[PDB]
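Presented below is the structure to which this report refers.
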Amino acid sequence: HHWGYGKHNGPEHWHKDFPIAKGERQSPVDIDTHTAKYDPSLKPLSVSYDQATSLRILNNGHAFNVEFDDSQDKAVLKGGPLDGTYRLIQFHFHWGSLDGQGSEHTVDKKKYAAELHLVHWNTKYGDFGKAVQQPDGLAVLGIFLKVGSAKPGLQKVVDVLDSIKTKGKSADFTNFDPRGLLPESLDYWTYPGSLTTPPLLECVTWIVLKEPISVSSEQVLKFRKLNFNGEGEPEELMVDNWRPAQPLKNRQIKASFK
Ligand SMILES: N=C(N)c1ccc2nc(-c3cc(CC(=O)N[C@@H](CC(=O)O)C(=O)O)cc(-c4cc(S(N)(=O)=O)ccc4O)c3O)[nH]c2c1
Ligand SMILES: [Zn+2]
């Protein structure tokens, strides 16, 4: 009876195995654009993905992860609210059964069709496992998806999903350039929060881009053909793998832009 997004194991039940689900810095949150304050001391964000080395794509039963080689300082996030250097380890998405829901963060209560999470860990803790035990251990760059024009840089991801339909399947996924998933502008909101899946650890500085990327209806329809279940198990479409917005509590959301 493992956690998930179904009628009996979804986010309302997580607190029973992971009591930090009711904690002081949980994610995602609603971003109230009229309450977020412009912070002119935020530095420009530095996204350095030219040497990023993708390795593999895995259906983990909750999402799919595109995994990177993080054994050296290649693909790094720095600047903005961050102190020091954060190394790219994986990206994944959260998405809906229909275009009107799917994102984890919301903007003035607007839900986007999906949300990309590029996950980075703070190199001063030496490995990912140590980093998640620290309040400043991870930096997650969140990017909204809306349905419109295709994203050309996403199609190589869409075209491998058929080969990782079910839980536990993986495929070689080398030479993928995550620069192709970014919007034009790096304007962002930031706040301290958590992983949005169990174990819900409170180790994340969230950096949420204001500008969504456009993907096509055909591209997200292929996400929604994935399965939560393992091979030879009853088919459960991988849809609605998002956690809803959590209380803000004693937190401020800061904007990088006027
Ligand atoms: N590249 C590798 N060698 C490697 C090895 C192990 C790894 N474990 C994870 C991982 C696990 C986890 C969970 C974790 O802590 N432990 C797991 C498994 C376990 O340790 O028993 C669990 O309890 O389910 C989360 C993330 C991750 C998830 C999100 S979100 N939006 O909440 O889905 C955001 C950022 C995240 O970092 C993970 O990245 N990423 C890993 C990468
Ligand atoms: Zn995520």
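Ligands are numbered from 1 in the order shown, chains are lettered A, B, ... in the order of the structure tokens, and residues start at 1 in each chain.
For ligand 2, the neighbouring polymer residues at 9 Å or closer are residues 63, 91, 92, 93, 94, 104, 115, 116, 117, 118, 119, 140, 142, 195, 196, 197 and 242 of chain A, only C-alpha atoms and all ligand atoms being used.
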For chain A versus ligand 1, which residues have an atom no more than 10 Å away, and what is each residue's nearest atom pair and distance in Å rounded to one decimal, using only C-alpha atoms and all ligand atoms, chain-then-number order, as JSON lines?
{"residue": "A:2", "atom": "CA", "partner": "ligand 1", "partner_atom_place_in_ligand_line": "24 (O)", "distance": 9.6}
{"residue": "A:3", "atom": "CA", "partner": "ligand 1", "partner_atom_place_in_ligand_line": "24 (O)", "distance": 8.8}
{"residue": "A:18", "atom": "CA", "partner": "ligand 1", "partner_atom_place_in_ligand_line": "23 (O)", "distance": 9.6}
{"residue": "A:27", "atom": "CA", "partner": "ligand 1", "partner_atom_place_in_ligand_line": "32 (O)", "distance": 8.4}
{"residue": "A:28", "atom": "CA", "partner": "ligand 1", "partner_atom_place_in_ligand_line": "31 (N)", "distance": 8.7}
{"residue": "A:55", "atom": "CA", "partner": "ligand 1", "partner_atom_place_in_ligand_line": "1 (N)", "distance": 9.3}
{"residue": "A:56", "atom": "CA", "partner": "ligand 1", "partner_atom_place_in_ligand_line": "1 (N)", "distance": 9.6}
{"residue": "A:60", "atom": "CA", "partner": "ligand 1", "partner_atom_place_in_ligand_line": "24 (O)", "distance": 9.5}
{"residue": "A:62", "atom": "CA", "partner": "ligand 1", "partner_atom_place_in_ligand_line": "33 (O)", "distance": 8.1}
{"residue": "A:63", "atom": "CA", "partner": "ligand 1", "partner_atom_place_in_ligand_line": "33 (O)", "distance": 7.8}
{"residue": "A:64", "atom": "CA", "partner": "ligand 1", "partner_atom_place_in_ligand_line": "33 (O)", "distance": 9.7}
{"residue": "A:65", "atom": "CA", "partner": "ligand 1", "partner_atom_place_in_ligand_line": "39 (O)", "distance": 8.4}
{"residue": "A:66", "atom": "CA", "partner": "ligand 1", "partner_atom_place_in_ligand_line": "1 (N)", "distance": 9.5}
{"residue": "A:67", "atom": "CA", "partner": "ligand 1", "partner_atom_place_in_ligand_line": "1 (N)", "distance": 6.1}
{"residue": "A:68", "atom": "CA", "partner": "ligand 1", "partner_atom_place_in_ligand_line": "1 (N)", "distance": 6.6}
{"residue": "A:69", "atom": "CA", "partner": "ligand 1", "partner_atom_place_in_ligand_line": "1 (N)", "distance": 7.0}
{"residue": "A:70", "atom": "CA", "partner": "ligand 1", "partner_atom_place_in_ligand_line": "1 (N)", "distance": 6.9}
{"residue": "A:71", "atom": "CA", "partner": "ligand 1", "partner_atom_place_in_ligand_line": "1 (N)", "distance": 9.0}
{"residue": "A:88", "atom": "CA", "partner": "ligand 1", "partner_atom_place_in_ligand_line": "1 (N)", "distance": 9.4}
{"residue": "A:89", "atom": "CA", "partner": "ligand 1", "partner_atom_place_in_ligand_line": "1 (N)", "distance": 5.7}
{"residue": "A:90", "atom": "CA", "partner": "ligand 1", "partner_atom_place_in_ligand_line": "39 (O)", "distance": 6.6}
{"residue": "A:91", "atom": "CA", "partner": "ligand 1", "partner_atom_place_in_ligand_line": "35 (C)", "distance": 8.0}
{"residue": "A:92", "atom": "CA", "partner": "ligand 1", "partner_atom_place_in_ligand_line": "33 (O)", "distance": 7.4}
{"residue": "A:93", "atom": "CA", "partner": "ligand 1", "partner_atom_place_in_ligand_line": "31 (N)", "distance": 7.9}
{"residue": "A:94", "atom": "CA", "partner": "ligand 1", "partner_atom_place_in_ligand_line": "31 (N)", "distance": 7.8}
{"residue": "A:104", "atom": "CA", "partner": "ligand 1", "partner_atom_place_in_ligand_line": "31 (N)", "distance": 8.5}
{"residue": "A:115", "atom": "CA", "partner": "ligand 1", "partner_atom_place_in_ligand_line": "31 (N)", "distance": 9.3}
{"residue": "A:116", "atom": "CA", "partner": "ligand 1", "partner_atom_place_in_ligand_line": "31 (N)", "distance": 8.8}
{"residue": "A:117", "atom": "CA", "partner": "ligand 1", "partner_atom_place_in_ligand_line": "31 (N)", "distance": 6.4}
{"residue": "A:118", "atom": "CA", "partner": "ligand 1", "partner_atom_place_in_ligand_line": "35 (C)", "distance": 7.7}
{"residue": "A:119", "atom": "CA", "partner": "ligand 1", "partner_atom_place_in_ligand_line": "35 (C)", "distance": 5.2}
{"residue": "A:120", "atom": "CA", "partner": "ligand 1", "partner_atom_place_in_ligand_line": "37 (O)", "distance": 7.3}
{"residue": "A:121", "atom": "CA", "partner": "ligand 1", "partner_atom_place_in_ligand_line": "37 (O)", "distance": 7.9}
{"residue": "A:127", "atom": "CA", "partner": "ligand 1", "partner_atom_place_in_ligand_line": "3 (N)", "distance": 9.2}
{"residue": "A:128", "atom": "CA", "partner": "ligand 1", "partner_atom_place_in_ligand_line": "41 (C)", "distance": 7.1}
{"residue": "A:129", "atom": "CA", "partner": "ligand 1", "partner_atom_place_in_ligand_line": "15 (O)", "distance": 7.2}
{"residue": "A:131", "atom": "CA", "partner": "ligand 1", "partner_atom_place_in_ligand_line": "37 (O)", "distance": 9.7}
{"residue": "A:132", "atom": "CA", "partner": "ligand 1", "partner_atom_place_in_ligand_line": "15 (O)", "distance": 7.3}
{"residue": "A:133", "atom": "CA", "partner": "ligand 1", "partner_atom_place_in_ligand_line": "15 (O)", "distance": 9.6}
{"residue": "A:137", "atom": "CA", "partner": "ligand 1", "partner_atom_place_in_ligand_line": "37 (O)", "distance": 9.8}
{"residue": "A:138", "atom": "CA", "partner": "ligand 1", "partner_atom_place_in_ligand_line": "37 (O)", "distance": 7.3}
{"residue": "A:139", "atom": "CA", "partner": "ligand 1", "partner_atom_place_in_ligand_line": "35 (C)", "distance": 8.4}
{"residue": "A:140", "atom": "CA", "partner": "ligand 1", "partner_atom_place_in_ligand_line": "35 (C)", "distance": 6.7}
{"residue": "A:141", "atom": "CA", "partner": "ligand 1", "partner_atom_place_in_ligand_line": "34 (C)", "distance": 9.7}
{"residue": "A:142", "atom": "CA", "partner": "ligand 1", "partner_atom_place_in_ligand_line": "31 (N)", "distance": 9.2}
{"residue": "A:194", "atom": "CA", "partner": "ligand 1", "partner_atom_place_in_ligand_line": "32 (O)", "distance": 7.3}
{"residue": "A:195", "atom": "CA", "partner": "ligand 1", "partner_atom_place_in_ligand_line": "32 (O)", "distance": 3.7}
{"residue": "A:196", "atom": "CA", "partner": "ligand 1", "partner_atom_place_in_ligand_line": "32 (O)", "distance": 3.4}
{"residue": "A:197", "atom": "CA", "partner": "ligand 1", "partner_atom_place_in_ligand_line": "32 (O)", "distance": 3.8}
{"residue": "A:198", "atom": "CA", "partner": "ligand 1", "partner_atom_place_in_ligand_line": "24 (O)", "distance": 5.5}
{"residue": "A:199", "atom": "CA", "partner": "ligand 1", "partner_atom_place_in_ligand_line": "23 (O)", "distance": 5.0}
{"residue": "A:200", "atom": "CA", "partner": "ligand 1", "partner_atom_place_in_ligand_line": "32 (O)", "distance": 6.6}
{"residue": "A:201", "atom": "CA", "partner": "ligand 1", "partner_atom_place_in_ligand_line": "15 (O)", "distance": 7.9}
{"residue": "A:203", "atom": "CA", "partner": "ligand 1", "partner_atom_place_in_ligand_line": "35 (C)", "distance": 9.5}
{"residue": "A:204", "atom": "CA", "partner": "ligand 1", "partner_atom_place_in_ligand_line": "35 (C)", "distance": 8.1}
{"residue": "A:241", "atom": "CA", "partner": "ligand 1", "partner_atom_place_in_ligand_line": "33 (O)", "distance": 9.2}
{"residue": "A:242", "atom": "CA", "partner": "ligand 1", "partner_atom_place_in_ligand_line": "31 (N)", "distance": 8.4}
{"residue": "A:243", "atom": "CA", "partner": "ligand 1", "partner_atom_place_in_ligand_line": "31 (N)", "distance": 8.7}
Worksheet item: Any idea what's packed within 8 Å of segment 212-220 of chain A, counting only C-alpha atoms, ignoring anything in its chain fewer than 2 positions away? Could you give it as number ranges by chain?
Response: A: 143-151, 154-155, 158, 181-183, 209-210, 222-224
Any chance you can output those residues with N, CA, C and O atoms as a PDB file, in the first residue's frame?
ATOM      1  N   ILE A 143       9.317  25.110 -14.377  1.00  0.00           N
ATOM      2  CA  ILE A 143       8.943  25.745 -15.647  1.00  0.00           C
ATOM      3  C   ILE A 143       7.533  25.256 -16.016  1.00  0.00           C
ATOM      4  O   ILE A 143       7.278  24.043 -16.058  1.00  0.00           O
ATOM      5  N   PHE A 144       6.585  26.140 -16.192  1.00  0.00           N
ATOM      6  CA  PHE A 144       5.203  25.796 -16.585  1.00  0.00           C
ATOM      7  C   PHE A 144       5.128  25.427 -18.052  1.00  0.00           C
ATOM      8  O   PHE A 144       5.838  26.030 -18.845  1.00  0.00           O
ATOM      9  N   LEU A 145       4.242  24.443 -18.367  1.00  0.00           N
ATOM     10  CA  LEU A 145       3.885  24.092 -19.763  1.00  0.00           C
ATOM     11  C   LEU A 145       2.425  24.482 -20.005  1.00  0.00           C
ATOM     12  O   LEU A 145       1.559  24.099 -19.200  1.00  0.00           O
ATOM     13  N   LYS A 146       2.192  25.198 -21.129  1.00  0.00           N
ATOM     14  CA  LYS A 146       0.853  25.425 -21.685  1.00  0.00           C
ATOM     15  C   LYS A 146       0.781  24.729 -23.047  1.00  0.00           C
ATOM     16  O   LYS A 146       1.805  24.476 -23.648  1.00  0.00           O
ATOM     17  N   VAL A 147      -0.450  24.411 -23.474  1.00  0.00           N
ATOM     18  CA  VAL A 147      -0.680  23.685 -24.746  1.00  0.00           C
ATOM     19  C   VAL A 147      -0.944  24.703 -25.831  1.00  0.00           C
ATOM     20  O   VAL A 147      -1.909  25.570 -25.700  1.00  0.00           O
ATOM     21  N   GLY A 148      -0.099  24.648 -26.828  1.00  0.00           N
ATOM     22  CA  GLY A 148      -0.209  25.510 -28.023  1.00  0.00           C
ATOM     23  C   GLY A 148       0.662  24.975 -29.141  1.00  0.00           C
ATOM     24  O   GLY A 148       0.437  23.848 -29.615  1.00  0.00           O
ATOM     25  N   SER A 149       1.659  25.751 -29.522  1.00  0.00           N
ATOM     26  CA  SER A 149       2.688  25.313 -30.494  1.00  0.00           C
ATOM     27  C   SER A 149       3.535  24.210 -29.866  1.00  0.00           C
ATOM     28  O   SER A 149       3.759  24.221 -28.666  1.00  0.00           O
ATOM     29  N   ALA A 150       4.020  23.299 -30.701  1.00  0.00           N
ATOM     30  CA  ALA A 150       4.986  22.278 -30.257  1.00  0.00           C
ATOM     31  C   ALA A 150       6.283  22.929 -29.700  1.00  0.00           C
ATOM     32  O   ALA A 150       6.765  23.935 -30.239  1.00  0.00           O
ATOM     33  N   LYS A 151       6.928  22.230 -28.763  1.00  0.00           N
ATOM     34  CA  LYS A 151       8.301  22.569 -28.327  1.00  0.00           C
ATOM     35  C   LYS A 151       9.227  21.613 -29.066  1.00  0.00           C
ATOM     36  O   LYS A 151       9.285  20.423 -28.709  1.00  0.00           O
ATOM     37  N   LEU A 154      11.523  19.330 -26.945  1.00  0.00           N
ATOM     38  CA  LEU A 154      10.859  18.262 -26.176  1.00  0.00           C
ATOM     39  C   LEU A 154      10.655  16.989 -27.002  1.00  0.00           C
ATOM     40  O   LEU A 154      10.466  15.957 -26.390  1.00  0.00           O
ATOM     41  N   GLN A 155      10.737  17.027 -28.330  1.00  0.00           N
ATOM     42  CA  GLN A 155      10.225  15.900 -29.124  1.00  0.00           C
ATOM     43  C   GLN A 155      11.075  14.653 -28.859  1.00  0.00           C
ATOM     44  O   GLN A 155      10.494  13.601 -28.905  1.00  0.00           O
ATOM     45  N   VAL A 158       9.488  12.946 -25.999  1.00  0.00           N
ATOM     46  CA  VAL A 158       8.169  12.396 -26.408  1.00  0.00           C
ATOM     47  C   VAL A 158       8.442  11.072 -27.162  1.00  0.00           C
ATOM     48  O   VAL A 158       7.743  10.070 -26.914  1.00  0.00           O
ATOM     49  N   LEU A 181      14.567  23.186 -23.452  1.00  0.00           N
ATOM     50  CA  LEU A 181      13.294  23.201 -22.671  1.00  0.00           C
ATOM     51  C   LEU A 181      13.031  24.536 -21.990  1.00  0.00           C
ATOM     52  O   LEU A 181      12.045  24.662 -21.247  1.00  0.00           O
ATOM     53  N   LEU A 182      13.976  25.451 -22.106  1.00  0.00           N
ATOM     54  CA  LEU A 182      13.824  26.747 -21.394  1.00  0.00           C
ATOM     55  C   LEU A 182      13.047  27.778 -22.223  1.00  0.00           C
ATOM     56  O   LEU A 182      13.186  27.879 -23.441  1.00  0.00           O
ATOM     57  N   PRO A 183      12.320  28.660 -21.525  1.00  0.00           N
ATOM     58  CA  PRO A 183      11.681  29.792 -22.161  1.00  0.00           C
ATOM     59  C   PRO A 183      12.746  30.882 -22.468  1.00  0.00           C
ATOM     60  O   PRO A 183      13.884  30.810 -22.079  1.00  0.00           O
ATOM     61  N   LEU A 209      10.020  29.841 -12.932  1.00  0.00           N
ATOM     62  CA  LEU A 209      10.053  30.803 -14.055  1.00  0.00           C
ATOM     63  C   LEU A 209       8.665  31.393 -14.289  1.00  0.00           C
ATOM     64  O   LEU A 209       7.676  30.631 -14.276  1.00  0.00           O
ATOM     65  N   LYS A 210       8.605  32.711 -14.534  1.00  0.00           N
ATOM     66  CA  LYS A 210       7.311  33.319 -14.876  1.00  0.00           C
ATOM     67  C   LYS A 210       6.833  32.893 -16.270  1.00  0.00           C
ATOM     68  O   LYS A 210       5.657  32.743 -16.448  1.00  0.00           O
ATOM     69  N   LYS A 222       1.066  12.241 -25.430  1.00  0.00           N
ATOM     70  CA  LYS A 222       2.028  11.104 -25.310  1.00  0.00           C
ATOM     71  C   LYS A 222       2.446  10.941 -23.853  1.00  0.00           C
ATOM     72  O   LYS A 222       2.639   9.840 -23.407  1.00  0.00           O
ATOM     73  N   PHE A 223       2.619  12.007 -23.080  1.00  0.00           N
ATOM     74  CA  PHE A 223       2.856  11.837 -21.622  1.00  0.00           C
ATOM     75  C   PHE A 223       1.741  10.958 -21.040  1.00  0.00           C
ATOM     76  O   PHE A 223       1.975  10.177 -20.158  1.00  0.00           O
ATOM     77  N   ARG A 224       0.506  11.223 -21.448  1.00  0.00           N
ATOM     78  CA  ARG A 224      -0.688  10.669 -20.767  1.00  0.00           C
ATOM     79  C   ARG A 224      -0.918   9.210 -21.238  1.00  0.00           C
ATOM     80  O   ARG A 224      -1.803   8.510 -20.690  1.00  0.00           O
TER      81      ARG A 224
END
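Atom CA of residue 13 of chain A is found 29.8 Å from atom CA of residue 33 of chain A.
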Worksheet item: Of the candidates A:50, A:108, A:17, A:12, which one gets nearest to residue 180 of chain A if we count only C-alpha atoms?
Response: A:50
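For the choices A:36, A:97, A:109, A:57, the atom-to-atom distance to residue 172 of chain A is smallest for A:57 when using only C-alpha atoms.
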Worksheet item: Hey, which of A:87, A:255, A:41, A:16 ends up closest to residue 189 of chain A? Count only C-alpha atoms.
Response: A:255
Worksheet item: With only C-alpha atoms as the basis for distance, which of A:107, A:21, A:221, A:157 is at the shortest distance from residue 174 of chain A?
Response: A:157
Practice prompt. Just list the residues in segment 10-245 of chain A DSSP gives strand (DSSP E or B) on the backbone, as a ChimeraX atom specification.
Written response: /A:30-31,37-38,45-48,54-59,64-68,76-79,86-95,106-107,110,114-122,138-147,170-172,188-193,204-209,213-215,227,237
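When only C-alpha atoms are used to measure the gap to residue 161 of chain A, the shortest distance among A:20, A:226, A:253, A:114 belongs to A:226.
For segment 42-208 of chain A, backbone-based DSSP labels the following residues as helix (DSSP H, G or I): residues 123, 124, 125, 128, 129, 130, 131, 152, 153, 154, 155, 156, 157, 158, 159, 160, 161, 162, 163, 164, 178, 179, 180 and 181 of chain A.
Distances from A:22, A:34, A:78, A:8 to residue 205 of chain A were compared using only C-alpha atoms, and the smallest one belongs to A:78.
Atom CA of residue 165 of chain A is positioned 21.8 Å from atom CA of residue 1 of chain A.
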